[PDB]
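To start, the structure itself, in structure tokens.
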There are 2 protein chains.
Amino acid sequence: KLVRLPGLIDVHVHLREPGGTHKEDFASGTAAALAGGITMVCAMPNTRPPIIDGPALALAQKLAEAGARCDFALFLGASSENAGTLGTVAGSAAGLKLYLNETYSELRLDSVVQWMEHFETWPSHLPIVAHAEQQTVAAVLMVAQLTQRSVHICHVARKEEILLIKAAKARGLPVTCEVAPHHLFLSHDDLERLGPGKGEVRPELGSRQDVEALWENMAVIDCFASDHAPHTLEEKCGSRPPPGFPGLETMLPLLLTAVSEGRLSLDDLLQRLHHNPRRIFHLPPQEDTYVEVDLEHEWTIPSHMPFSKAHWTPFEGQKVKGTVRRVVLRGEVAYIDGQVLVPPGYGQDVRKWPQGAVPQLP
Amino acid sequence: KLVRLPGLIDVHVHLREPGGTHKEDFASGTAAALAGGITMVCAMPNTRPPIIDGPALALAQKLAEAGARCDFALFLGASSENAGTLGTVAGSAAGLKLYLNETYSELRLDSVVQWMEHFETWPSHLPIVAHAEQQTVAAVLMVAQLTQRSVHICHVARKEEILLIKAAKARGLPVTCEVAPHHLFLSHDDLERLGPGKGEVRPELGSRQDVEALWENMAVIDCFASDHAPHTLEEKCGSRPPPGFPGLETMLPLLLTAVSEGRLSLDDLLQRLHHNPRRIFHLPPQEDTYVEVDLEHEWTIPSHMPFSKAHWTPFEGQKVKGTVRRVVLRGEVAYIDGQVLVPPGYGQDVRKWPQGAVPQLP
Ligand SMILES: NC(=O)N[C@@H](CC(=O)O)C(=O)O
Ligand SMILES: NC(=O)N[C@@H](CC(=O)O)C(=O)O
Ligand SMILES: [Zn+2]
Ligand SMILES: [Zn+2]
Ligand SMILES: [Zn+2]
Ligand SMILES: [Zn+2]
Ligand SMILES: [Zn+2]
Ligand SMILES: [Zn+2]
Ligand SMILES: [Zn+2]
Ligand SMILES: [Zn+2]
């Protein structure tokens, strides 16, 4: 007896194309998405070259249209030089991404004034998401208030951060946030097993108290999103390990396990992987699209999942209950039982659909 | 220059069929919906007979399928005799409605134990909405906590009620709510003009301080919904005036005026008339469906709007800026400039669509 879910949306993925295609490309990352029950992804701009201007966006759009197997939207990235220059293309992007801390990106902004300039110049009706850890969450919230608009906080990982967001929501401030599965299902207790290289991620793995605070404050979490951040094992185990975990293929099985254990409800899951992504990012429905999952099948996560070119996973050895059996995307069987059955290029840029434009006043 | 909006959803309408068709029927009420930019309605169960058992629901479904011009879902109503009897049909309804105070209904429950019985027996994955005023909001929230599930509060009208809900959300409790336009745009200051008969509504019109508290606490309001409650002028002006206002044709123009004045944003409006209705009630997308509005046209609300059989409106004389120009429903022109162009029966029960079933564990 399978359960039919709507097409799930991951608003935070790194697909590495252009420029890092040994780690992942549109075709492989979207195969991983489909195998994870995800039918729409929003791809981050920290590629090589980074998606920080109109020519880079145009290239990325064509690479995605040719390689993606599920539907997508592409973020633009904020830089120290592009505020005020993105107005013509802004509405074609998922939103604008700000990198406000050290992480796998060359896009760090060096002054809060640059953050203000982006909040003032990016069109006010379009999404802004921020990588903002610890006190940076409070700082970017201040910039959002000064500029009288909303912000979405990426990968919240700490008790400190979720409680700050909780306090902001209690004051009626327009802030939303997402949490990634590694910050719900891994902690410092796992760094022994992972090692210091594999274990590198931003935000770093939290304490048990951080993990427990995120679960305790589930009501504050608007979205789940994988922060699928594929790097090869050679890179993760080498001398200068880049931060990030692959996660598209493991996210849904991990969360379904938690549903089966009563840690959150099926509805809680679908708000966070479907409805809230849609409404925060103004992402359109996908016609004739659904995911069938089997909630009874118990399995152990292996040393690598089948599709991501990362070819490793930090969840190796965890027991899960829940598997994706079939994905139908826009009337076509896209995935069955370990086989992806739509080719590279089946996926489409949802921002080009009539229903995928963000509504705005004339 | 028109603005394209998605198909808007009104989760609280009274269409009066069966049994009150001189006040409204499916055909006339859904024409009013379309003219108001609404493409999907959830119809309340306080009809004659009331929709409190499977035979009454079956009749109402067929009357709606034959008369509705926009899409719909039908609520079931809680009674003092039907707890534990609705399990077979529950998933075919919009949700379950509880009438917990005096209003236009014979469905009042006389004991909190009856509320508990409904919360315990209605399927836990399906929506429950409550007419719950003043302290009754706190009481039904207690019942929801005792039974470990969510509740949605209909037509919140008072500072007391919105602050209670705000406090509950700050504690992470699963409660959502809606507000009707008369509680945002009318107050005691209007009872002089309306008179005691026309002015009768439940919840009653609030003070200026109530209205200001609702605006100040917009962040707490999940949905707008009209509580379209048509009664004829003869009834409203007679000896025993029933409570309620018609509102489908005026809701969107009133709210667009507020958007134009900067009282809330277009996004704030679309969260409350599209995304949040979808996610709270698990209502499916409507393919090829959109509303085109003109935000520049200034007009004065007349003594009655064209479509509702109520043939009166409490907003007469208010100046608005914003009009519905065209509605496309599932690929067909449904409304243009004062003319409805889909016949009775074009509308469909969204709970019968594959994408319209509420997901549940096996
Ligand atoms: N989270 C990570 O550790 N890495 C992400 C970047 C990011 O989301 O900050 C990546 O692109 O590799
Ligand atoms: N609100 C009202 O005053 N009347 C509504 C009933 C209701 O929503 O309580 C009606 O059906 O007439
Ligand atoms: Zn990040
Ligand atoms: Zn993010
Ligand atoms: Zn990232
Ligand atoms: Zn939207
Ligand atoms: Zn009511
Ligand atoms: Zn209601
Ligand atoms: Zn009502
Ligand atoms: Zn749903």
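So that the names make sense, note that chain A is the first sequence line, chain B the second, and so on, each numbered from 1.
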Report task. Give the intermediate values and the outcome of side-chain contact (heavy atoms from CB on, under 4.5 Å) for residues A:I38 and A:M251. Result -> CA-CA 10 Å; A:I38 305 300; A:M251 174 162 67; 4.0 Å; yes

Requested in this report: Show your working on side-chain contact (heavy atoms from CB on, under 4.5 Å) between A:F224 and A:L255 and close with a plain yes or no.
Outcome: CA-CA 9 Å; A:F224 298 135; A:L255 290 164; 3.7 Å; yes

Query raised in the report: Could you go step by step and tell me if A:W299 and A:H297 meet the side-chain contact (heavy atoms from CB on, under 4.5 Å) rule?
Result: CA-CA 7 Å; A:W299 54 289; A:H297 181 245; 3.5 Å; yes

Requested in this report: Could you go through the side-chain contact (heavy atoms from CB on, under 4.5 Å) check for A:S260 and A:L295 one step at a time?
Outcome: CA-CA 7 Å; A:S260 82; A:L295 300 181; 6.0 Å; no

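Residues A:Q209 and A:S187 are not in side-chain contact: their nearest non-hydrogen atoms beyond the backbone lie 4.5 Å or more apart. Using a 4.5 Å heavy-atom threshold, the side chains of A:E200 and A:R202 count as touching. The side-chain heavy atoms of A:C177 and A:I162, taken from C-beta on, include a pair separated by under 4.5 Å. Put simply, the side chain of A:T176 does not reach to within 4.5 Å of the side chain of A:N276, judged on heavy atoms. The shortest side-chain heavy-atom distance between A:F245 and A:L205 falls under the 4.5 Å cut-off. Taking 4.5 Å as the limit, some side-chain heavy atom of A:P306 sits within range of a side-chain heavy atom of A:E249. For the pair A:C223 and A:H152, the minimum side-chain heavy-atom distance is below 4.5 Å. Residues A:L15 and A:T47 fail the side-chain proximity criterion, which asks for heavy atoms closer than 4.5 Å.
Taking every heavy atom of both residues into account, A:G247 and A:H228 meet most closely at N-ND1, 3.0 Å. Among all heavy-atom pairs drawn from A:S105 and A:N46, the shortest one is CB-CB, 4.2 Å.
Checked against the 6.0 Å centroid criterion, the rings of A:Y104 and A:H14 do not qualify as a close aromatic pair. Between A:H12 and A:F75, the ring center distance fails the sub-6.0 Å criterion.
Checked for salt-bridge contact, A:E133 and A:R158 meet the test: a charged N lies under 4.0 Å from a carboxylate O. Between A:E234 and A:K236, no side-chain nitrogen of the basic residue sits less than 4.0 Å from a carboxylate oxygen of the acidic one, so the salt-bridge criterion is not met. One finds a salt bridge joining A:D222 and A:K169 here, because a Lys/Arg side-chain nitrogen approaches an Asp/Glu carboxylate oxygen to under 4.0 Å.
Looking at A:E120 and A:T147, their side chains never bring a donor and an acceptor atom within 3.5 Å of each other. No side-chain donor from either of A:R69 and A:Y335 sits under 3.5 Å from a side-chain acceptor of the other. Between the side chains of A:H188 and A:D210, no donor N or O sits under 3.5 Å from an acceptor N or O. Side-chain polar atoms of A:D10 and A:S226 form a donor-acceptor pair below 3.5 angstrom. With 3.5 Å as the limit, one finds no donor-acceptor pair spanning the side chains of A:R279 and A:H275.
Not one N or O on the side chain of A:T30 forms a donor-acceptor pair closer than 3.5 Å with the backbone of A:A33. Panel note: side chain A:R193, backbone A:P314; a donor-acceptor pair is recorded below 3.5 Å. Between the A:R278 side chain and the A:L283 main chain, no donor and acceptor come within less than 3.5 Å of each other. The closest donor-acceptor contact from the side chain of A:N217 to the backbone of A:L214 lies at 3.5 Å or more, if one exists at all. Within the 3.5 Å criterion, the main-chain N or O of A:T232 finds no donor-acceptor partner in the side chain of A:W312. No donor-acceptor pair closer than 3.5 Å links the side chain of A:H231 to the backbone N or O of A:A310.
Applying the salt bridge (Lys or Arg N to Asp or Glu O under 4.0 Å) test to residues at least two apart or on different chains, the pairs with a partner in residues 328-349 of chain A are A:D71-A:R330, A:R325-A:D337, A:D349-A:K352. Evaluation of the salt bridge (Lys or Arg N to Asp or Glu O under 4.0 Å) test over residues 11-31 of chain A, restricted to residues two or more places apart or in two chains, returns A:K23-A:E235, A:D25-A:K309. Counting only residues at least two apart or on different chains, the ring pair (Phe, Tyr, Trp, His ring centres under 6.0 Å) pairs with a member in residues 106-151 of chain A are A:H131-A:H155.
Under a cutoff of 6.0 Å and an axis angle of 45°, A:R4 and A:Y290 form a cation-pi pair.
Within a 6.0 Å sphere centred on CZ of A:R48, other residues, nucleotides and ligands contribute 12 heavy atoms or fewer. The local environment of CD in A:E261 is crowded, with over 12 non-hydrogen atoms from other residues, nucleotides or ligands closer than 6.0 Å.
The line from CG of A:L86 to OG1 of A:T121 is 7.5 Å long, rounded to the nearest 0.5 Å. Between atom CG of residue A:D294 and atom CD of residue A:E296 there is a gap of 7.0 Å, rounded to the nearest 0.5 Å. Here the CD atom belonging to A:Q318 is positioned 8.5 Å from the OG1 atom belonging to A:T257, to the nearest 0.5 angstrom. A:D53 contributes atom CG, which lies 10.0 Å from atom CG of A:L59 (distance to the nearest 0.5 angstrom). The line from CG of A:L8 to CZ of A:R272 is 13.5 Å long, rounded to the nearest 0.5 Å.
Between A:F72 and A:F26, the ring-plane angle classifies as tilted under the 30° and 60° cut-offs.
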